[PDB]
Structure formats: C-alpha cells, structure tokens
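The block underneath contains the structure these notes are about, expressed in structure tokens.
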Amino acid sequence: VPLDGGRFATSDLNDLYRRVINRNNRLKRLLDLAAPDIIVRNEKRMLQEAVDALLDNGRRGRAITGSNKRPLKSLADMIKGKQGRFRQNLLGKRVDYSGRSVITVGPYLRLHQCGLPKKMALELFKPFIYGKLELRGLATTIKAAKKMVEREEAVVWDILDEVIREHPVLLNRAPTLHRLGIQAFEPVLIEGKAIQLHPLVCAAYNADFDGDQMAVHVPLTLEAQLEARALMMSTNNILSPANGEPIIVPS
Amino acid sequence: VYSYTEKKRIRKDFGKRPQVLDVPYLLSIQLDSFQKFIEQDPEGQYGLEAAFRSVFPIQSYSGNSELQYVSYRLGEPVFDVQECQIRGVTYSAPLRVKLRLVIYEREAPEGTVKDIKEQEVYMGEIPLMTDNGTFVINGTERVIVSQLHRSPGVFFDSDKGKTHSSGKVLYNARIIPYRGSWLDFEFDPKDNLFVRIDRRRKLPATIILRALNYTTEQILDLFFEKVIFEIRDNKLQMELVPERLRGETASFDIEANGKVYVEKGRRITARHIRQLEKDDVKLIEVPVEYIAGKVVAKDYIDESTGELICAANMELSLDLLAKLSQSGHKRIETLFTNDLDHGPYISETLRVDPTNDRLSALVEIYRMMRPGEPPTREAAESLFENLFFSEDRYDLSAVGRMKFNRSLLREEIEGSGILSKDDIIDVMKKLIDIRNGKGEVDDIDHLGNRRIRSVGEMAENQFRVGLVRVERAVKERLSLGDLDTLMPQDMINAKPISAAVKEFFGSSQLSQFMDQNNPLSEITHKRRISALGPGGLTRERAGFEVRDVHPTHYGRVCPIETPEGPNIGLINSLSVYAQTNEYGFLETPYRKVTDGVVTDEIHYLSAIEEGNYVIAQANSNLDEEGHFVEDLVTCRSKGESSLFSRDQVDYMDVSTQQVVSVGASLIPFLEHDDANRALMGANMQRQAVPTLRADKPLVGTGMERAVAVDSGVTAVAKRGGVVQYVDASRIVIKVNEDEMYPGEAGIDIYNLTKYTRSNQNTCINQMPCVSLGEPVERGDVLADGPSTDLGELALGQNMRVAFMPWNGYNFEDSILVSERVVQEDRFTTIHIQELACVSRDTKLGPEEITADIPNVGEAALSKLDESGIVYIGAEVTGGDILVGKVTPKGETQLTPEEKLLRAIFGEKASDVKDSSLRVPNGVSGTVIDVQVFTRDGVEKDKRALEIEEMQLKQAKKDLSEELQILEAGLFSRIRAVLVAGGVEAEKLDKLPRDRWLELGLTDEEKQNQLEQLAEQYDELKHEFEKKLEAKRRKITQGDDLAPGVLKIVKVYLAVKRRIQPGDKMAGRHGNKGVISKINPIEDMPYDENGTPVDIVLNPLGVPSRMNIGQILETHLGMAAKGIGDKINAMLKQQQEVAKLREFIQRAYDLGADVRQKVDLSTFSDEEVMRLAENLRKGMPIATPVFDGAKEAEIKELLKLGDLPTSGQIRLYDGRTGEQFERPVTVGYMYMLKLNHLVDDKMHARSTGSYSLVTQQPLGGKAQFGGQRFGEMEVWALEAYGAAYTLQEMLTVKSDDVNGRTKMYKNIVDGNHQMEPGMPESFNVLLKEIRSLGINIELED
Amino acid sequence: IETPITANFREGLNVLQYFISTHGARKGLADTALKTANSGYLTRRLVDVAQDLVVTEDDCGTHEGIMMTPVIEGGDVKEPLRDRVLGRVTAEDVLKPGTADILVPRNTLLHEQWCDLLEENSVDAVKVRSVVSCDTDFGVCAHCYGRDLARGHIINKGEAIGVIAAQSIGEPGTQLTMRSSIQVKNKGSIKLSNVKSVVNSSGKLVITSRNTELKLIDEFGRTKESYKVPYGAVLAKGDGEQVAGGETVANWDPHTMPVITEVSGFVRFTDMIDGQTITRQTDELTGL
Amino acid sequence: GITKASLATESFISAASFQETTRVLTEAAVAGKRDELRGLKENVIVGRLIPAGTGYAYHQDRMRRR
DNA sequence: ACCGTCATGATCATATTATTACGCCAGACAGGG
DNA sequence: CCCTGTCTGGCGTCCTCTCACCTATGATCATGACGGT
RNA sequence: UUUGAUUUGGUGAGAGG
Ligand SMILES: [Zn+2]
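Chains as they are written, first to last, in the authors' numbering: chain A, 253 to 503; chain B, 2 to 1341; chain C, 755 to 933, 948 to 1056; chain D, 1308 to 1373.
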C-alpha cells in the first residue's frame, strides 16, 4: 500500500522474495552459460544465504538491511516475538463495539450499574438503534436510520433508553491483572464525557481517579448478555477469588 | 530602588538568607554551546575549524595533488524565522568554504607546485539556532538535548563477585578514547593478564608489549624489582633488603655478624627488619633449596658453547645452577614474587605467550583483528600504527588527555591525542597496583566521570563523519583525472555533508520535538541532561545503579525533577546555578570561606574538586560579618554528610535554591512535601495549559520573573525609553537620548505575535501590558506572553478551596467545582487545530479545488465562497466542508469506449461516480487563518490572488510605516539638534519638512550630523525601494513542494474548550484529580460572611500522600487574600492615600530579618494608588524554596487581616443550610488545568474501517478504531465461565468477515445470534507457517 | 546513614536532609517501575503453564492428601489451622482428639461451622485432599480442589481453576519487594521428635541426633511451638516435661562442633601422630 | 520448571503461543506432531468455545458424539 | 522566419559496507587430572 | 574419562495518546530551447 | 439479454495510568 503521497511503502518480505528471485535468475543464467566452478559456487552460496535470510533473518551472521541500518523483518519474525501473530493478533485482538474514556466517581450509583455517556452510548449501540428504528416504522431503508442518528433527532434518545435498559456492558481497566478487572454493569446514561464508576468497585480495579481510563465492551449476542449478567455482573463479584476476603470492602 | 514595572505590583518576599549571586541566564547551555560551534575561531580548536583542520589537507594516492583548506564563511539565510515556520523550509545558512588545490611536480614533492587555485565552494546547509535556543527543521520548532556520557580516559573498574562463582574479584582497565579503538585490560581466575581490542577475541596482554618493541629482559626490568645473588665462597650468598621479608616465614636460621637474627619456623618481624637495617646487613647465606623456584630475569649465555644456559623468565633448578655456576657468572638476577606484595602476573602471562619477537606479536594482532588472511610485515606495521598511534584513526580529546593524566597521577594535563608506550605501561602498572591491594577502583555514576555533550559538539561530530565520507570521495577523484583543468567544486559535492547534518538534526534520538505549551515547559525542556541516545545506555536493558541519585548530584543535577515511569534517573534535568566546565563536566558556585569570614567571591567547583575540600551547608546561621554563630556546623566532606567545627570549613553554598531545578523551584513550601509528591508536582507543573486570562500566583517563590524573562515568550525591551504607540499588534518605543546611537536615529518597533499555533495545539498569544506615555527601562517586559502577567509566570489560576468530604463526589482523588468557576470563564482554554488539504496529481488528470461540486446542495455550499475555500470567520460544526475537492471516482464502471472523453460533454461526464471530499466532526471551531501555497506554473485561482493582494497590501503598508515611523524619529532628532545653534522658532515650519538641512548653520557638529542623517535618509529611501521589490518577489513567487502536488490549503480552526466533568486539574504538589461534578452556586459550603467556596477537595489525601505543603500554601494564600480584601475595603470607600500608605507599609514590613525592606515614602502618592489598584485582587507573596515563611509568620500575617488565627473558618452547608461541625479549612490554592482533557480521550465505535492484512479493526482515535481486547482480558474471561462472550469477542466482533456481516443483519433484524466461522487471521497464520517448508493443515 | 533526618515535615527539612530523602525515594520509584515488568512476566509464565487444567470430574476416588498443620517458624504460631483447612475437603475422617471418634466424616467440606467445631476440640492437624494428589487424568476432580473461593459451595464442574490460580499468585507481584540458643516465650509442655539422646554426667539430656525437633505442646493437644536443636546441645529440660514461661531450655556452642560420646572410659589417640597427622600449638595467652 | 514445563507440552500451539516458536515448531514439524486441541489457548487461537466455562457443556456434547 | 545543435528530462534495471557501554540463565563444547 | 570455564542463544509489563520521517544510482531516446541562413 | 456503497503499512522518540 502507498502512504499519503506518491510512493509505495513496500514490505520487507517483498525485498526478501525479490532478492531470492534475482539471485535464482542469475544462477539459472550462469548454469546456462557454463561459468567456471568458483563463480557458480559463489552464486549458489549467495542463493543459500538469500533463502536463509528470507526464512529466518539474522540467525546467520549479521542480518541484511534495506533502510537504513535496521534489519528487515522476515517470515519467522512475522511469527515469533511479542509482535508476532500469536501474541499480537490471535491471543489479543482489536475489537469493534468498544470504547474508552476517563473515569470519574458518581456515588449515587447502585453497585450493579455504572454511568456511561450519551455520546459513547449512541456510538456503541448503533446497530441496536437501527434495528429498533426499523421495527417501529419511523424510517424505511438503513440509510434513513444512519442519517437520523447522524443528525441525532429528538426521537433516538428514547430508542437509546429502550436499548440500554437490561443490557450489561463490560468495563475493563487497562492493566487487567486478575478476573475482577473485567466486570459487567448496567449503563445509566450520563450527560457528560466520563464513565461514572461506583466507588466500592474501584478497590477491585485498583482504580483511583487521578487520570485513569477504562474501556467499555458490548456483549452482542444473547448468550453473552446472559454471561455478563450471570457470571460477570458486579454484584456477583463480592469476594476475591484469591482467598475468602471481600473485595467490595468500603475504601 | 525599583524598576518601573516593579512599582506596578511589588511582590511581598519572605526569606532570610541575603543572596549574593543572582540566577544566571537559564538558556546558557544551548546558546553558549552553539556559539562555541559556529564562530570564526582562530588557534585551531574548538568549533568547525577543528573538523576542517583535522580532515584536511586531502592528499592523493601518490599523484602529488593536495586539496588544502583556507577558511569558511556563512552567508545570510534566505528566509527569516517567521517565513520559515509559515512556509515549511529548514532555517539553514549556506556554508561557503574557501578551498585550494595545489599540484606538485615530478621528482620533488618538496618542490614547487606548477599551479594553484583558491576558490569559494558550496557545501551543505547547517541549521542556525534561533535566539530562544531552538531549531526550525521542517517548520516545527525542535530542541537538541544535552547527552550525559562516559568521560574519555582510563577507567579502572572491578568486576566484583559475580564471575567464577568463588568470590575472586576481577579488575579491568578500559581505556575510553574519544574516537577510535577501545582497549580493555583485564584478569582471569588463573591470575593471567589479558588484553582485548574492541570486545574482540582475547590475547595475553604482554603480546602488545612486544608489539612496542620491548625485549623480555626489558619487560621484566620494568614490571619487577631485582634480587641479587652473589657466589662468594660459601653457599651462593644473597643481597637482602628486609622490607621484602615483612611477614614471611623463612626456611632456615637467618644469622649474620655471628648473631642469630631470625629463627627457622618464625617470620621476620618489623623490629627484626629494624635490626637488620640498623646493623646494615647486606650479604646473607641461603641453602640449596632457596633458589629452587626463583625466577631468573634475563638470558644467560655460555661463552664457550655459544648456547643458552637458561631462558628469560624461567625458574631455576639444580642443573641450571650447575651450568651457570661453571660458566663464569657470579651475579644472579631474580625476581621477587610474593603472595601479597607482588604476584607474578607478568611472569605467568609471559609463560602463556607463544610469541617471541616483535614480528610474531604483530602477526597475531593482525590475525585477531581481521581473521583468516595472510599477514605481511608491512601490513602488520600499518595496522598497529593505525590502531593507536596515528592522528587519523585514534584521538583522545583534551578531556581524554586530562582524565588520562589525572587518573595516573601525572603533572602536565597537556599531551598528544594519540597514545604512546609509557601510557599503556602506566595502565598496566596501575592495574597491577590495584590488584596488589593499594589504591582504589573508580565508580561509574560519580559525576567526575560523566561528561556533558551539547548541540555544538554533537553537530561537530556528525559534520566530521560527513567530512570523512567526502574525503573518501575526494581521494577517489583527485588522482583519477586530468590536471590541470578542474576546479575544487567539480570534485567535492554537498550531498553527504548535508545528508549527515540533516539526518542528525532531522531524526536522531536526541533531536527531539519541543514540548511547547508553557514557558516553563520550554525552559525546562531546553535544560535536560538525557543519558540515552548514541553512546549511552538504553531503557529496556539498564539498569539499577544509573537510575539512582549519587551523592555528587548536589547542586549539579536536580534530584527531584525526573520523569517517573520506564526512564527514571535517565532523563535528569540540570539544576539552576549549574554551569558547564571548560571540558564538559559540571561545575557549581561556592563562596570561599577564608579562615574566619565568608568572603562574597563566587568560585566554581567541579565534581572532583568538591570532594577534597569541605563545604558548609547553604542555610547556616551567620552574624553580619560571616562568623559562623555555632561551633558545630553541618557540612559534607567526601560524599558523606557530618558535623564539623567552626573554622575547618573551606566553602559555603551560594543560595539555598541550588539543589533544585527551575521546574521544582516554583513550588512554594517545597521543604514540607515528601519527595515523591514533589516529583509529581514538578512534572504536572510542566504539563499545564495556558488559560484565557492567566492571573498570577499568590504564593510564589520569586523565581517566576527569571523563568518568564529568561525564556522567549515575552517582549523584553532592548533599549529603554518612552512608549509612543501601543496597539494589540505593535508597540513603539522611543529610545532615550542617554542610550542612543548618534546615527540611525532610532525608535524601535516590536511586532507582537498574535494568535498562532503552538506545537501542543495551544494558543501562543502576546498581549501588550504597557500604557501610553509610560517610561520603560532596559531589560524590562513590554508584552506579556502565554501564561504570563506583568512579567511574572501565571500557569493556572488561584481559587477558593476548602478541605472537607462533601457527599462522596470527591472520593479517591476527585475534585468538585462550583458553577461560579465556569461562569467566570476562567479555565476556558483556547486551542488551535491545523487542517491541511493537498491537491495531488494522479491519472485521468489533476484535481479540482473549485466549488462546482457534485452530490452537494445549498446547505453545504453556503459556507464556502465561489472558489471552494471556507471563509475566514465562518463558525463551522463537526462535519461541514472547509475545502471542496473533487476527483474520487475510481473505477466503479470501466469506461465502455476505452478512453471516450470527447463525445458527450467536454472532458467527461463525471467519470462514473462523484463525491466532493467532505470532512468529519467531533470538533467545532472558528476558521481564523487560511494559507494557500501554489507550486509555480499552476494557475492561481481567485482566492489565491485575493490572499496575494492581501499580503502585498499588508507588507506594503508595513514597510511604508517602517519608513514613516523611522522618518518621524529622524525628524524629531533634527528638531532636537536645532534647538540650539542657529535656532529658527517660526521659520522652521514654513517650508516643507524634508528640507531641514540648508538652514543657517555653519560647519559644526550639527551640520555634520545633518549630513549623516541625510546619508541615513537616502539609505532608507533606496533600501525601501529595493526591499519592497524583494518583498513583492517573495509574495509573487511560487514555492518548491512535494513531488506532484498542485496547491496546499491549510485552515486553522480555533476551538474554545471550557471545562467539564472529566478534565484533569491539579495543584502544585501532586494533588491530582478528575473533576467529578460541576455543582450549582447554591450548594456550595459558604461561611458566615456569605461567600461560597469554589472548590471542595478531599482531606484524606494528606496523611497518606504526605504533601503537607499544600495546607501551608492554603493558609498563606488565605492570608494574602485577607490583605487584598482589606485593601479593597480601604479603597472602595474612597479613602485618601495616607491610610493606604499606612496599611501597605504595615503589610510590607511584617517579619523577621528579611530581604525586602521596602518603604512607600519614595512612591509619591500616585504610584501607591496604582500599586493598590494592582493589589486589590490579592497581595502576591514570594516564598523561596528552603528559606521560606515559617508558621509564626503566617500566623502574624493572618493576624494583620482579621481572619481566624488557625486558618479554619466555620462553614455552613448549601443544601441543609445548617452548620458543619468542627470548623473546616478554607483558603486559596493555585490550581492548574492540565491538558489531559476528556473530549480528547473519549471514543466509541460500533462498526468502522478494517485493516488490510489481518481483517481486524484499526487502532487509535484519529483512525476510527476499536479498543484492544488484550491478552490478559482473554485470561480474565477464561477465569469466569464466560464462553460465548469470548467467542463473539474474538470471532464475530473482531475478525470473521462473513460472521460479522451475518451478525449485522441479525442485529438489525432483532435476532440475537452468531454464526461463528473461523478467524481470518488464523488463516494468515496458516499462510505464514505454510510459506516456510512447513506443511500445516486442518485434519478431518 | 549515621546522621538521621531529625526534622519532620511540619518543621522544615533543610537541604541535606531533603537530598538524603531523595536517595531513599528515587530508589523506590526505580524499584516499582522496573518491578512491574517481572511481575507481568511472572503472570504470563503462570497462566501459560496452567492453561489447560479444568475441573472435569466430581470425585477422583482416592484416600491420599497432604497433611495440613499450622505453620510455626519458632516465634508464636503464625498462621492457624483454620486459615489453611478452611473449605478444603478432608482425605480421611478426622478423629476427635480424645479417642477414636468420628468427629467429621471423610468427604465433608470444611466451611466455617465445621472449622469452629474443629477449633473447639483443638484438632491437631487435618489430613486434607490436595490438588497435587488428584487422580484425575487431564484435569482436577471437584473434591480435590476444595471450596469455590468467591462462591460458598464446592467448585463447579467446569470452572477454570488453573487460570484463576495463576492470576491469584502473580497478581500480588507488584506489592512484593524486589531488592546462640533457644529462648521459650509461652508456658507449656515439652515434646521431642527425631530424637536419639543420652543423659550426661551432670543430668542435662544431650542429643546424639542432629535433626531433632523440639516441640512445645500445650495442655490441650495442639502444637504451639517448634525448634531445631543441633547435634550435641545442652538441654535444660527433658521429654514430656512441664516448664515455665521464659525459662531457657536449650544451650549449645555452634562455633565448636561437639564430638560427645555415648559411653565412658579412657581416651586413646588412634592414628594421631604429632608431626604428620596433628601438630603442636601450645597456646600463647593461657598455657594450657 | 514452569517455562520448561509449558514448552514441553503435548500441544504445540500451547507451546508456541508462549516462548520460542522456532524451536517448538521445528520439533513438532520433524516429529509430525498433532494437536488434539483440548485446552484453553488452542481454542482461543483457533476461534471457538473455551472448554472450561460455559463451553464445557458444548465440549461434553462434542466429546460424547464422536 | 525556417532549419539545425546543444541541453535537459523521462524510463530503467543493479543488488549490499566503515562499532563497543545488560544480566541472568540454561545448554552445549573443548580441555585436563 | 568426569568436572569445568567458556561461549552462544534466549528471555526480559500491559493498555493508551501526541508528533516527525521514510534508497541511490548510471545510461539514453526523445523533447525542448538556442543560434545560423 | 440489466440490481452493488466498500480498503490508509514498519522504524524511532516522548507522555498518561
Ligand atoms: Zn482428585
């Protein structure tokens, strides 16, 4: 893919494959021409080192480099490491229907519910609002509904309070260490831009309010709503799993 | 006496220690280093002349040609700083060099060249430094940060404990050159001595001693003493000095002079040594077993056979003694190899050596350098002379030679940059002495071993690397061409030099983007001692000790200002008074305490000169002469604090502010905060944001004026005088006559910098703070900058705070703020965003910026003009159109008739699809400034011609006003001269004003001065002509731009972000907090006067997070506002100036022996009213850092106002209207808004774009992305029994494309159900494993 | 540092005292900011060794399990038995401490009511079922795990215990740091284990075994103290004896390894020749 | 020890999502190894129900119906 | 004003060298009593 | 031949946000501006 | 024999928790 401009930012594997093919074409031409022994030994040796650099770069002596002195990333370096496919795209994935903002207190809450802003609520619940709008009969095609929530008319906030009501969300503080760092709440809508989080629950998240941020995730399917209500609800986590001590201790 | 802006609002100052050295210019590291870099410097070093005289003359490959060096010169930059930041060029200056070519003849290189040629040549563009201390690289203002690295010279480290797992410590001696090959001597557990060169293979060390042409006899002559055995008639007698026998158990009965001295089985005592040296015993008797293992020194040869009796460095046996005894040798020289005194490390090393002469040693060194190739004696000589002994490849600096002589106890600190034989032999001698037990090893973190590079030295090194690449190129070309026909600009090319210096200033690890949202953040980012970068350590590797404050950071590097997180103690910040030495070390001032009296001379000590002497602490009490009033005084001797006597001290600290930096010396009451909270307070004080109307600190440290004036955000007056014209744009100073040049008549014009974009999207404004007709002095503020006020430094604003728990809304650290704060528009910060739009060049033709746009109607295009660009002033919303741009059509439907263009319409019928480039939302704003840049050749549209006429008109008016204003000053000079000497009182204004020279006046200084002013006037006329022509050229021309772009439109939105629940505010002590609820006015706790408190903090953060300084700051702020309320009461009642003079004098005396001592009897009844006009919103109070206002002074100042003594007012409630029990603490705290706002972090995504290689959502906020459901969250959902939640969390919601389209249809139809499928990134894993030789499959 | 910081924070710290304070606090910030990496990598290694282990049965059908005793280092009894055998299913049925009674049966979960009836009877130690003794192939049965810990009941068939266990060990990784003779305290009865002893001439029972454990059992039956007594120590007391609180009951010299005997008689120097085997070093300051 | 014990497993995806993937994939490749999934991280990789929580009934059903 | 000469920009394959300064901790390897 | 220094590889925390910066070249047909007739 | 809106990649530096 090209970046913003007129040039193509090429990957490292294209450099590796293009060198193996350049060398292989040279070696076929030299075996056509019947070059002497030392020429085709260097040619086959450069092909051997080119293939060995393509597969696992740098396991042989000092790794090849394109720009500028940094070595270029091979196939085994697309697998291994902290940034391979296992640890970066298969065990942990980036996730739709998710949000993130700064937390704040809101002590009026009951401990099964958390405050969630109206702007984040209308963005995370766009398909449920679309389905609700199409059920009533206010609009017809999907486009009309996307224009309605792009304009944010006076009738979609009642739709939003009718998609929130019994639908839990997974709040998550960013260094999750134990299982009490993902807990499911019921949203209460907030005029504002900050997640209001019930204070007792903070001692589970190790969350103070000095600039912290949390992510919200939406259980889409029906089994996931029931798992958020029946296993991961914040009323269900009142004892720490490491021992018998209560984790909703008043702080 | 006080300056005139110090009679506006004179800050009350506590403090006891009378200062003797004021705060220096805080940006002296950057400016002094880069002034050292680029300046015409004779006598060789330092600067660019060092590089140009060390890499030149380039002499050729024996072609008798030579390209030598004359001088250099930098021309003026083509662009000044403002045009450079607007357009986007480097701020560089062309480096003209005068190079000379000489060409020698045949058979005489000591003969005459036939022809020379000296000429000017262009090479590179080095970027200059602005007066603020910063660089402008590509329109973005960048700072190069000082590096802290290891000092060149010898270094005797000790690899303690860890190696060999037996406690036997090693000792290595790393010679650290400034440029060249390293050299590490070390030991091993077999106690052999091993050299190594640049961490390569290991050799025994004496192989280099043979390489310096030493025979083995000379080596043992150097590294050991001699023991003499004389064969005199009886048992091969011995010369004995008993100092070698200190504690050795003899093998026999040592007797002499017929007297038994030492018994067998005992050791020689010290008194037996005294007996033997008092009787002067020389020859003693040894047995045949005594020389059973003595090691001979030199070779003995038998004269008869011509053979070798015994080789050098060999133990002696019975047969070897029998051979050398009958050959005629009476003297036997051996060595003393003791257990404690002298080990035979050299002897075991020579026994491991296989080599025997100079040639074999040079062969083995040539073989360990370049492995597996035939050596030759010429190649080995050339390599070993080019490792250490050549001016080219090896160079200690002056710093290196100083450390290398000082750490070897030499005398002269001057020497050559190359090593020698004595140098390496002294390294091996000192290493053997450290192994023997005398002398000490050297620690690493001691600041006598950490040098500070800066901008000048690093730019010199990168420029030198560019020059050695270009000397490779010139050595290539010079002896491979026809001479004489070429000139020295066809040879040398400017590509590697400019590439090297542009890569260093462009992207290095130390040339970093300036954190500029605050004057404090500028002036503390420029003063930074980073340990990282090239030549230093790395964050994810090291370590433990370097992240720790050594005992010699006292007064050089600040101990409390450092970034917490992954790099603590590596991103150290330099202190206040800390200069930099001549060599590059750190030095700090002290006061020379002669035997009784503290003399007021300052005296700079380095890091190793501080250790030998003894330094008194800063705040030691002394009675008006310098005599220390105690007889035990707290001092520190050799890195260790203690209590010393009165007159064994040698130095005293200068001022008590010198341990800290300028980030953490604006914190009042710093001595009361625990160091963690002071660290977090200094770091958040760096992270502030400028508000709309910045107020002042009521409780400052007096350090605000140094940080404001000594930075570059205010408009400091250059020459004092009288203001003539104040405006929001410009300020005109008329220069006083006792400060004024004779020629160039002179009235200065300050063009202020109005609303423009900073780097952190703040609003760097300048407001004029002077009146009209007002006197100003030299060195004085005229225009306040961002977060300044009257020349002070006002970061946040000061508000009425109360410490009480209020109904849970301030639970952990939260802050609760009244609506009275947001109604007063007092945190309403102003941000500016830059939105760019380029007109690229693609296929089917170029793009269109015009407003004839498909798919849009009246409601979009009403906010655009007739040429696409939005108006200046149109207040837009999130998602309107700013620049209309149409080309996106792609290939929806391939053109039927190939390239049918000329048929239906003109060019084409809108391809196949059309959609005018419309923008996003999330932000409001008001378009304040539009720039249009045009690549030359492209047709300017009507709005680009409108901007061209506009800027032509502005620059025309501005230069014409330059001519008019300076002509007005010149005519005022003519009127001032013609007051005397042929004055015409009526005849002066009858004639036109341009002829004020031919009036009646003889040949005096006055007609000479009128001729000089006529010279100046005609110079201004012709200069105005040529400069207006050049400015029309600069406006009219195009600009060089990107490859294939037509025009760039830049639009500046100006958002005004107020405050809301979710922003981060914080004080200056570490009391953070997300503001949690913006209450109404009525709910606030008020007191029995009526005033509501503005902010309700939480008390519980004080005893755990030990920052007790904020409560003293609160009480002293309430005292300051009590004095301000009493001034407001005495002034609102229209009272005469006598009572105001009385009360202001009582509020300014009020203390112990202090420094301020002002009196209002020399302010003359009009300044006192204006000083009270400035004090009526509170009285500013200075509190210096460690010499601050004590508790009793705060109590006495709270007694001057009628406030309660304990600081606590009883407060009523707003809701219930009934009193809070146990009266609470109110006062004023100076709180800062930080730029971690909440409508920059909040984000939400239902369904956006998806990545290309792995079909997962994108990352970030600008890219409309989703939050990473990371690995530990997957573990936390495995830890419950949630199984379907995790299945849709990593198959449906994330990756599987058919799964998520089935999901979206099922959600908009009401059927909550998932069709699972497979992650597509697992198929990517299959293709990446399968693209190897591995065959992964899926069975069944 | 031998000179302290005599000034608190309400009085002002001067310059040197704040600089010593900054030594002490910079070390703590560097320790946390480098400790967190090892804490996170420890949680990663633990949840990838666990990773598989799922509660997959209801009874493995065994009679083996570890012997939970209260732990005692040598001071007062540190962690009581009710902290260690709370909610873990017993292996065989615990005998009441009197004589041969079925106090609790052999497969009962020990919740708080059972643990209170254990503390009333002062039960010595419980043989309880442990996860390492579980006979289940590929998983852990529901009894050999124990109580659910955040639910009051036994672990359900299914709940992943390896991951919650690995998180619960590695999660406190941040709070952890990174970088003569025996004097009795209470008053009770003596008991000796791993003991082979002999009475000396004076009467103090000396020990011919190195590994002897000296327990102090109370008047009720539980074990309240424990110590390790070396080979050849002078015990002031004997087996089964009652002592007073604070009375010294043990004595030895660790710098002199005793070569004490079992019987009496005369001493001969077998293979002890002065000059090669042993040496003559007449003492300087004493003469003996 | 725990890293030697999690890299010595009878499931090479479990021992490849963890530390060194080169050693484990060559050992599994030249042994011709097969991964009867049967654990938590194999099913987090391959994208299906965890055989612990709610999915233990699903894996009981699938293990019964073979 | 038309014709011829110097100058200057497109497309295109050719294939890799002159710094060092982590800290354990397993795991494999030549050396020697 | 069983200990043994020595060398080589392989680890080293999660989540987020802002900014800037991105290979040289060696060779030639054909277009393009300059000067003579 | 004619229905379609779709995609912004590595490297290095710095801050928040
Ligand atoms: Zn079991």
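Backbone N, C-alpha and C fix where the C-beta goes; we use that ideal spot for every residue, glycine too.
Your pair residue 958 of chain C and residue 1015 of chain C does not check out as a contact, with CB atoms roughly 11 Å apart and the cut at 8 Å. What you get when you keep residues with a C-beta closer than 6 Å to any heavy atom of ligand 1 is C:814, C:816, C:888, C:889, C:890, C:895, C:898. Residue state for residue 350 of chain A is assigned as strand, using DSSP reduced to three classes. Between residue 1079 of chain B and residue 823 of chain B, the beta carbon gap of about 6 Å places them in contact (Cβ cut-off 8 Å).
Contact check for residue 1175 of chain B against residue 9 of chain B passes: the beta carbons are separated by less than 8 Å.
Note on the stretch 588-620 of chain B: whole alpha helix (DSSP H) runs with a minimum of 4 residues are 610-613, in chain order. Excluding its 5 nearest sequence neighbours in each direction, residue 291 of chain A has C-beta neighbours in its own chain below 8 Å: 282, listed in chain order.
Between residue 913 of chain C and chain D, the shortest Cβ-Cβ separation is below 8 Å. Within 9 Å of the CB of residue 896 of chain C, no CB atom of chain A is found; the nearest one sits about 16 Å away.
At least one C-beta of chain B is nearer than 8 Å to the C-beta of residue 473 of chain A. Within 7 Å of the CB of residue 375 of chain A, the CB atoms of chain B belong to 1245, 1246, 1247, in sequence order along the chain. By the Cβ neighbour-count rule, residue 414 of chain A is exposed, with fewer than 16 other Cβ atoms within 10 Å of its own. By the beta-carbon neighbour count (other beta carbons within 10 angstroms, threshold 16), residue 1260 of chain B is exposed. A Cβ-Cβ contact shorter than 8 Å links residue 428 of chain B with residue 176 of chain B. Contact of residue 1351 of chain D with chain A is assigned, a C-beta pair being separated by under 8 Å. Sixteen is the threshold: when 16 or more other Cβ atoms of the shown chains lie within 10 Å of the Cβ of residue 505 of chain B, as they do, the residue is buried. Cβ contact annotation for residue 256 of chain B (same chain, cutoff 7 Å, sequence separation greater than five): 262, in chain order. At the C-beta level, residue 883 of chain C and residue 865 of chain C stay beyond 8 Å of one another. Short of 7 Å from the beta carbon of residue 162 of chain B, and not among the five residues preceding or following it, lie these beta carbons of its own chain, in chain order: 168, 170.
Across the set C:990, C:1047, C:775, C:781, the C-alpha of C:781 shows the shortest separation from the C-alpha of residue 547 of chain B. In the structure shown, residue 768 of chain C falls within a coil segment according to DSSP collapsed to helix, strand and coil. DSSP places residue 1139 of chain B in the uninterrupted alpha helix (DSSP H) bounded by 1138-1150.
Remark: C-beta atoms of residue 102 of chain B and residue 75 of chain B do not approach each other more closely than 8 Å.
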